[PDB]
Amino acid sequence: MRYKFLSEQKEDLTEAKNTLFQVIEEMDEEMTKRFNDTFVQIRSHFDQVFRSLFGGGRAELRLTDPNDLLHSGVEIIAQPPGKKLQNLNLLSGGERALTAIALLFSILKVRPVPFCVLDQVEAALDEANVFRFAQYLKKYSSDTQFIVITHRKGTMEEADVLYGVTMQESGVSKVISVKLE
């Protein structure tokens, strides 16, 4: 036995499918175009930001599969000064960390923010690279307010002020502050 309410449920399914497929299609179109447009803009900054942080060298971004803009990975190829040009997978731990920071700071040039909280992002840097990371923050603090949680002395030396957080009595954080500028 056939039922009208079932026939109507099937018609409604078919109708919803026609519209929802169009939504899904447009979402795929938005994601592919915005991914690629943004990738091009980030890439346009990456070599310069890398060189500012490393003090030289060069670096590149490359789509793993340029014809699959919905799923392609991004290859990062970088040459720290004094080293070979290599895939990021083969660089040292400190070089890898600083290259990731170079990508993040290139993203900030494409998608700026009024303030940026950096929570110990430079923990893994080689000590010799901290000063250029800290100088980068100072240079671009005119356009982005930087709030930097850090345990690297070179980063602190470029801050405008320091807030010190320490547990004088166990479990209870005390806060003191000093201006360097």
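Residue positions are given as counts along the sequence shown, with the first one as 1.
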property: Mean temperature factor over C-alpha atoms, higher-scoring stretch between 171-179 and 2-10; result: 171-179
property: Comparing 37-45 with 151-159, the one whose average Cα B-factor in the PDB entry is higher; result: 151-159
property: Of the residues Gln120, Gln135, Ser142, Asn129, the one carrying the largest Cα B-factor as recorded; result: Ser142
property: Residue, from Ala124, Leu70, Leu63, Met27, that the PDB entry assigns the highest Cα B-factor; result: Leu70
